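Right, one structure below, let's go through it.
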Amino acid sequence: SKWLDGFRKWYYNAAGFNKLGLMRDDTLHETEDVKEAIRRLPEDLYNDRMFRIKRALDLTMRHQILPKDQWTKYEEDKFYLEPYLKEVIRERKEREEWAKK
Amino acid sequence: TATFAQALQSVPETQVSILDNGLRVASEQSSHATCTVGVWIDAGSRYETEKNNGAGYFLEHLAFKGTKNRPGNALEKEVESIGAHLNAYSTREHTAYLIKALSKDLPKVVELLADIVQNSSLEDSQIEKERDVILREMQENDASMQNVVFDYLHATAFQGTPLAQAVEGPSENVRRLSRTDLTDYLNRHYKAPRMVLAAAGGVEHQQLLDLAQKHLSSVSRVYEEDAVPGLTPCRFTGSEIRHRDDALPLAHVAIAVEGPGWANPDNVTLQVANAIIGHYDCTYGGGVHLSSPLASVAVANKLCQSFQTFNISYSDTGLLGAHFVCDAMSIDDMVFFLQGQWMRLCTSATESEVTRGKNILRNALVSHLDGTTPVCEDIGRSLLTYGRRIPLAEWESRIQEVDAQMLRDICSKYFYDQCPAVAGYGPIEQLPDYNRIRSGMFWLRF
Amino acid sequence: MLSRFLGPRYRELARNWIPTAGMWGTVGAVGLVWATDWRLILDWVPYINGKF
Amino acid sequence: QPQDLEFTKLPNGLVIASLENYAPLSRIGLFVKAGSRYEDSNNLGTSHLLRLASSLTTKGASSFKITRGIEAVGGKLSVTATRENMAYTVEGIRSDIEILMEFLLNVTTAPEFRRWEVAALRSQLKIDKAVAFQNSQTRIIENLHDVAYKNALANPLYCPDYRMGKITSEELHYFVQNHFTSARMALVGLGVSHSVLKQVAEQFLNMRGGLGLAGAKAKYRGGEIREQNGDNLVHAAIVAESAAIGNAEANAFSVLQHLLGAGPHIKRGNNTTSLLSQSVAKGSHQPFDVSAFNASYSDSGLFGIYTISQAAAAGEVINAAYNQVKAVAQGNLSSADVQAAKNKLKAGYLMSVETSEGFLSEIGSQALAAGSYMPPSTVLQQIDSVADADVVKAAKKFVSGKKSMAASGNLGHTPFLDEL
Amino acid sequence: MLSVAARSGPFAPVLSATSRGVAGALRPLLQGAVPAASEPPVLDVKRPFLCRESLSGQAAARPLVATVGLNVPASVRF
Numbered sequence: 010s011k012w013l014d015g016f017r018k019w020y021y022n023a024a025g026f027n028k029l030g031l032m033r034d035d036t037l038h039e040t041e042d043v044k045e046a047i048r049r050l051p052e053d054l055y056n057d058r059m060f061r062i063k064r065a066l067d068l069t070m071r072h073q074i075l076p077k078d079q080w081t082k083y084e085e086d087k088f089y090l091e092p093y094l095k096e097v098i099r100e101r102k103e104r105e106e107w108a109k110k
Numbered sequence: 001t002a003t004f005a006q007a008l009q010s011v012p013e014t015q016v017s018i019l020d021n022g023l024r025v026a027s028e029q030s031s032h033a034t035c036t037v038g039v040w041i042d043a044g045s046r047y048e049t050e051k052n053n054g055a056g057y058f059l060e061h062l063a064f065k066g067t068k069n070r071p072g073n074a075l076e077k078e079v080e081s082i083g084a085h086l087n088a089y090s091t092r093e094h095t096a097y098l099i100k101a102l103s104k105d106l107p108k109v110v111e112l113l114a115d116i117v118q119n120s121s122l123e124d125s126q127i128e129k130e131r132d133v134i135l136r137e138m139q140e141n142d143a144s145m146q147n148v149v150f151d152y153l154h155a156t157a158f159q160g161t162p163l164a165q166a167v168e169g170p171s172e173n174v175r176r177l178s179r180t181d182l183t184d185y186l187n188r189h190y191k192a193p194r195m196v197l198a199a200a201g202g203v204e205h206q207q208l209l210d211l212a213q214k215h216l217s218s219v220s221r222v223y224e225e226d227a228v229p230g231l232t233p234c235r236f237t238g239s240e241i242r243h244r245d246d247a248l249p250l251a252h253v254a255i256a257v258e259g260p261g262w263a264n265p266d267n268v269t270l271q272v273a274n275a276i277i278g279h280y281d282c283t284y285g286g287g288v289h290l291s292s293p294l295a296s297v298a299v300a301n302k303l304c305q306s307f308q309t310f311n312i313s314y315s316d317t318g319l320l321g322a323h324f325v326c327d328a329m330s331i332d333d334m335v336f337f338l339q340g341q342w343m344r345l346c347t348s349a350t351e352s353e354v355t356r357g358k359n360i361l362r363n364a365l366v367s368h369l370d371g372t373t374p375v376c377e378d379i380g381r382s383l384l385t386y387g388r389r390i391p392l393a394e395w396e397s398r399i400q401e402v403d404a405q406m407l408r409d410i411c412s413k414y415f416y417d418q419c420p421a422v423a424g425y426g427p428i429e430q431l432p433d434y435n436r437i438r439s440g441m442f443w444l445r446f
Numbered sequence: 001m002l003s004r005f006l007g008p009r010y011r012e013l014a015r016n017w018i019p020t021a022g023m024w025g026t027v028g029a030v031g032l033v034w035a036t037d038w039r040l041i042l043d044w045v046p047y048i049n050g051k052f
Numbered sequence: 020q021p022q023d024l025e026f027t028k029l030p031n032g033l034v035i036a037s038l039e040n041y042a043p044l045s046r047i048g049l050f051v052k053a054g055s056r057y058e059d060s061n062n063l064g065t066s067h068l069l070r071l072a073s074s075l076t077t078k079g080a081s082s083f084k085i086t087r088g089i090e091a092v093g094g095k096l097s098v099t100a101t102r103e104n105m106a107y108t109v110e111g112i113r114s115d116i117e118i119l120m121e122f123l124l125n126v127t128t129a130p131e132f133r134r135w136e137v138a139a140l141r142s143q144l145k146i147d148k149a150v151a152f153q154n155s156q157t158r159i160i161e162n163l164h165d166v167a168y169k170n171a172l173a174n175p176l177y178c179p180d181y182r183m184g185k186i187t188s189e190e191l192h193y194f195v196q197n198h199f200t201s202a203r204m205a206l207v208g209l210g211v212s213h214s215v216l217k218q219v220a221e222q223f224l225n226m227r228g229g230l231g232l233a234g235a236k237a238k239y240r241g242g243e244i245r246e247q248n249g250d251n252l253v254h255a256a257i258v259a260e261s262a263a264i265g266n267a268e269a270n271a272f273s274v275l276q277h278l279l280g281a282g283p284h285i286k287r288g289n290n291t292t293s294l295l296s297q298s299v300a301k302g303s304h305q306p307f308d309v310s311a312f313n314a315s316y317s318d319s320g321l322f323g324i325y326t327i328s329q330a331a332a333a334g335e336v337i338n339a340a341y342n343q344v345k346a347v348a349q350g351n352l353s354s355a356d357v358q359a360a361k362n363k364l365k366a367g368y369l370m371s372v373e374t375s376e377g378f379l380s381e382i383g384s385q386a387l388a389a390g391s392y393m394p395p396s397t398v399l400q401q402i403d404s405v406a407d408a409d410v411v412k413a414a415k416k417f418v419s420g421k422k423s424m425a426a427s428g429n430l431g432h433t434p435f436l437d438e439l
Numbered sequence: 001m002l003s004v005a006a007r008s009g010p011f012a013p014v015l016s017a018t019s020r021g022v023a024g025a026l027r028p029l030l031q032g033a034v035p036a037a038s039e040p041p042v043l044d045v046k047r048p049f050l051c052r053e054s055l056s057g058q059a060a061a062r063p064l065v066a067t068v069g070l071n072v073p074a075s076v077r078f
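Taken in sequence, the protein lines are chains Q, A, K, B and T. All the letters of the first sequence, read from the start, carry residue numbers 10 to 110 under the authors' numbering. All the letters of the second sequence, read from the start, carry residue numbers 1 to 446 under the authors' numbering. All the letters of the third sequence, read from the start, carry residue numbers 1 to 52 under the authors' numbering. All the letters of the fourth sequence, read from the start, carry residue numbers 20 to 439 under the authors' numbering. All the letters of the fifth sequence, read from the start, carry residue numbers 1 to 78 under the authors' numbering.
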C-alpha cells in the first residue's frame, strides 16, 4: 500500500545517507560485480558519483552534514546502477551455470 | 536427414594396388574436375649418415632443374604449358613431389612425375647455383625463429641419433657435397618398394594403374649390394638447450616429451588432449571467453603472443608438447601455467572437456581433408606410415572410444613425472632451469 | 551460499579426488600413530610389538 | 553425388542458395554488400571494427554464449572482408549446424553494440592492423589503393591510426542499419537442405526490406606515393584503370595477366613462360619477382605490374617490365602463349573452387552479383571465347592510361612516373 | 567468374582481410606476433583555433627554418 511507501521514505530519512547528498547506489559495497558495473558506467555518471563520494567524505571528516535544502530526497533518488548491475549478475550467473555442468 | 556416421561412411574408398616393382599405387575419386597426383618416397634426413646430411634436400632442389629427356627449363615450360602447379617437400622421414593439375591431363603429368623420380640430370653448374640457393634459404630460414626452435628441439631431444640432424643439414656439407654422393643417395633410397604413387580427385583408378604400368615400370627394384637401409629406434634425451640472444624482441620456447609414433592408437587420445589445450595467437577474436583454460589465463594476464600444441610422429617415436612465443617478463609464469594444464589432464579431466576435445578433433580431421592436395597427402603418408589408408569412419570410431578415465590414464602415462626436452631462443633468462621445469611436471598433491 | 558447486562437473571432480584424499588421510593417520606411539594401533601390528 | 544447386529469392530481396551434398560437416555463409566501399571521410575504419565485432553480445546470445557454444561443438566462425563486400562464415559438424546458424543469425541481424565492448575491441584492431602490415605487399597495396582512387576505394581494409579510440557504437549501429539490409544479402548453405535455410530466413531475415544506402561511385585520380623505408628490397606497383566485372574486357584482362605472368607455378621456379620474368631475367643478374596485378571490382578495375627488386637495380627491372608490356601492347605475341595463358587461367579457376571455401566464396559472390548460378563450364567457355586482339587492346588500354604508382624502400634508383 | 579476391591469383589475401571471431579446430599457418614496440613521447595540449582572430597569421608564407640551442628552447619559424 501507500503505508509501505511512507514507511520506506521514513526509513530513508532515518538511515541518513541522504544527509550527505548521496544516492542509494553510492552506498553499495565495492564487490567485483559492483566494480564491473562502475566500469560500465558512462563518464558523466562516473564523475557525479565520484564527486558525491568525495563530498560525503569531506563532510564526514568535518563531522557535519549538508543544509536541508540540498539533501537527497526519496523521490529523486535515481537508480542509475540497477540495469548495469542486473546485467552483470545475469552474465555471471550464466557463466556459473555453464561452468557447473 | 543424414547423421555423422552415415556421411562418414558415404566418403569414397581409396583403392590401392601393387605393381611388380613394389610400387604402391593408390587413388581416390571425387566429382572434382581437377586432380592431385604425387609420389611419396620413404627417404629423409633419418636415412642420411652424417656426411651426406643434406643429400635429400639437394636432390629435392635439383629435381625440377632438368632431366635426361627434358633438359632444363623446357620441362618447367611443359608444366606451365598445361597450367599445373608443381610442389615438393622433404621431412626427416618422407620426401614428396606432388602436382596439382586438371584431371583431363592425367597422362602427361604422370610421365613428368616418372622422370622426376628416376631420370634427373644432375649438372655441375646447376649443382653450384643450387648450392648457393640452399645457402640463401638457410639464411632465410634462420629468420623464421619457430623453425629454429623446432630444429633445436629435435637436436636436443634426439642427441646422438640420425633424427637430430636437420633436413637441410650443416653449411659445410652444402659447401662440399659432390655429384657422386648425390648419386649414391638416389641409388640407395629412390627404389620402387618405398614409393607410393598417390592420386586424389576426379581420376580413374584403372587409368592411373595403366599410366603407372606404362611409365613407372622398373624404377629400381634392386638394392645393387643386397644392403637394405633399415631404421633403428632413437634414444630420447631429457635435455635443455638455451640459445640466448637478448637483441631479439620476443622469445620462443618449445617443451616436449615422448609420443609413441604413428602406429599406436592412443595417439588419437593424445590428439584429443591437444584439442583440449589448443592454440592461440594475439589476433584471435574471442576475448576473455575462450574455452581453453590456458588461453583464457594468458589473455587475462597478458602473457602470450602465441602458443601452440603439437604431436609429432616418426617410426615408433615422436615429440609431444607445446611451443609459445612471448616477451621475457612473461616466460616463467606461462611455463607454470602450461605445466599446470598438463597436470590437470593427468589428474582431474572432466567429461565435457573430453567431449569438446572430441568435437574439435572430429572437425580438425574432417576439415583438414578439404581439397585434393591434403587428401593426396593423407593417402601417400598413410600408405608410407600405417601401411594402409585409415578411413575417416575408422577415425570417428576411434574418437568415440575416448572417455575421461582412459584420457587421464594416457596423459599420466605420457606426461606425468617425465623428463621434458626444452628448447629456447631469445631473451630467455626468466625461462627457468631444467630442475624447476622438471619439478613442475608432477604435483605434490597428485 | 555454497550453491556454486552443485553440478555434475564438481561431482566428477569429487569422485576423482576420493582416492588421493583418502590416501593422504591414511598417511596422516599412520604418521600420527607413528609419532605419538599410540598404544591402540601399535599393539595390533606384529613387528612393532617388541618394546611392550 | 549431389543434386544441382537450389536458389530462392525472398520478397525482401534475400537470396538463398543451397547445395545438398551430404558432407560430414556443413558450411553456412552470409554475404553482405557492406565492405569499406560504403564509408566516407567521417566513419573510416568502421568496417574494421565491424569485422572484429563478430563475437560481441547480441540479443539471444552473449559473448560468452557465442564463444563457448561455437567452441563447444567444435565449429568455427570467421568473417572475410574485401573492399566491396563482407562474408560471415560458420562451419561445423552436420548434426549441430542449426544452432550454429542462429548464432550467425544474431551476429548478422541484431548486434547490441555496447560501448564498453567496443572500447575493449579498439586495442585489438590496432594489434590486428600491426600484424597485417608486418609484410610489405599489404602496405604497398593499401597505399596503391589510396592513390589510385579518390573516393570509395581509397578507404583501406584496416582502420587508420587516428581513428582508433574514436569509433563509437553509434557509427556501428548506423553502418549496420544502412548497409546490412535484406536486399543486399545472400545466405548460402553447403551441406544443408533448402527447407532449413528457407525456414531460418523466413524466421529471422524479415526486418530491413530496403536496398540500403548505395551509389558511392568510385572515381580514378592516379598519382604516386613513395614510402622511403630504407629496406634492401624495393617494391613497386604501377597500375592503371581497367574494366570492371560484368564485361568481356574483364576476361581479356585476366588473360592478359596470365599471359604476362601471374605468379609462380613451380617451387623455386624461374617463371619461364612469364613474359615479364623472361625480359627481366634477360636484363638483371640479381634476384627479382615480377608479376601482373589485376584487382577487378564491380565499378572499376586496376591492372598493372608488381615488381620486387634490389635497391640499386630497381630501375632496370621496372623499365624492362614496362617495355615488355609495351611490346606486347603492339601486337608482338604468339597465339600459343595466349592458349597457355587461357589454360593457366582456367586451371587456376578450377583449382580455386576445388576446396569448399573457394566454392562457397565463389557462389556467395555470384549470388550477390547476379543472383544466379554460373556453372564452371560456362566460365570456361567464356574464357575460351576471347580473341588475341582483345588482349592486345587491353594492353593498349593499360599503356595509354594514367598510372598509379606505389613504391616502397630505398628509392634512390627507382624512377618516377615521368620516366616510364 | 566472380569472387574478386580469387580473380587475382597471388593477390587473393592482400586484397582481402580474414578475421576469425571464433577460431576453429585447425590453426592457421604463420600465427604471427607483434614485437613489443616503443611508445611516442608525451606532449602538452596544444592551442585550438575557434575564431578568425586567432587564426590570423597561422597560414605559412616563408620557408621552414628550425633552430636548436644549448639553453634556449627549440623553435621552428615559417
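Beta carbons: idealized from backbone N, C-alpha and C, even for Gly.
{"query": "Measure the CB-CB distance between B:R56 and B:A171 and report whether it falls below 8 Å.", "result": "yes"}
{"query": "Starting from B:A406, trace the beta strand (DSSP E) both ways and give me its first and last residue.", "result": "Element bounds for B:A406: n/a, residue is neither H nor E."}
{"query": "Which residues of the segment 4-37 of chain T have a Cβ closer than 7 Å to any Cβ of chain A? Give them in chain order.", "result": "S19, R20, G21, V22, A23, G24, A25, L26, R27, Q31, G32, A33, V34, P35, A36"}
{"query": "With distances taken Cα to Cα, identify the nearest neighbour of B:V398 among B:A426, B:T433, B:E381.", "result": "B:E381"}
{"query": "Just confirm the distance between the C-beta atoms of B:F199 and B:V51, as a whole number of angstroms; I'd bet it's less than 8 Å.", "result": "6 Å"}
{"query": "Going straight from the alpha carbon of B:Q343 to that of B:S296, what length do you get?", "result": "10 Å"}
{"query": "Look up B:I327 in the DSSP assignment and give the residues it is bridged to.", "result": "B:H254, B:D308"}
{"query": "Suppose you measure from the CA of A:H215 to the CA of A:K108; what does that come to, to the nearest Å?", "result": "10 Å"}
{"query": "By the three-class DSSP mapping on this structure, what secondary structure does Q:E103 have?", "result": "helix"}
{"query": "So is B:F83 in contact with chain Q if we call contact Cβ pairs under 8 Å?", "result": "yes"}
{"query": "Does the distance from the CB of A:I277 to the CB of A:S292 come in under 8 Å?", "result": "yes"}
{"query": "Closest by CA to A:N267, which one among A:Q308, A:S315, A:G238?", "result": "A:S315"}
{"query": "State yes or no: is the C-beta of B:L379 within less than 8 Å of the C-beta of B:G48?", "result": "yes"}
{"query": "Between which two residues does the beta strand (DSSP E) harbouring A:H252 extend?", "result": "251-258"}
{"query": "Reducing DSSP to helix, strand and coil, say where A:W443 ends up.", "result": "coil"}
{"query": "Cα-Cα, which of A:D417, A:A349, A:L444, A:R436 is closest to K:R11?", "result": "A:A349"}
{"query": "Are any of the Cβ atoms in chain B nearer than 8 Å to that of residue 89 of chain T?", "result": "With chain T represented from 1 up to 78, any question about residue 89 of chain T goes unanswered, as that position is not in the structure."}
{"query": "Leaving out five residues before and five after residue 1 of chain Q in sequence, what residues of the same chain have Cβ atoms less than 6 Å from its Cβ?", "result": "Residue numbering for chain Q in the displayed model covers 10 to 110; residue 1 of chain Q lies beyond these limits and cannot be assessed."}
{"query": "Assign K:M23 to buried or exposed, taking buried as 16 or more other Cβ atoms, counted over all protein chains shown, within 10 Å of its Cβ.", "result": "exposed"}
{"query": "Note down, in chain order, every chain T residue with its Cβ under 9 Å from the Cβ of B:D147.", "result": "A17, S19"}
{"query": "Should B:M424 be labelled buried (16 or more other beta-carbon atoms within 10 Å of its own) or exposed?", "result": "buried"}
{"query": "To the nearest angstrom, how far is the alpha carbon of B:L387 from that of B:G377?", "result": "15 Å"}
{"query": "For the alpha helix (DSSP H) containing A:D332, name the first residue and the last one.", "result": "331-347"}
{"query": "Is A:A74 helix, strand or coil by DSSP?", "result": "helix"}
{"query": "Under the rule that 16 or more other beta-carbon atoms within 10 Å means buried, what is A:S30, buried or exposed?", "result": "buried"}
{"query": "Name the residues in the segment 296-308 of chain A whose C-beta lies less than 7 Å from a C-beta of chain T; which are they?", "result": "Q305, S306, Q308"}
{"query": "Quick one, which of T:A37, T:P35, T:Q58, T:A23 has its alpha-carbon nearest T:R47's?", "result": "T:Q58"}
{"query": "In angstroms with no decimal places, state the Cα-to-Cα distance between K:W17 and A:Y416.", "result": "17 Å"}
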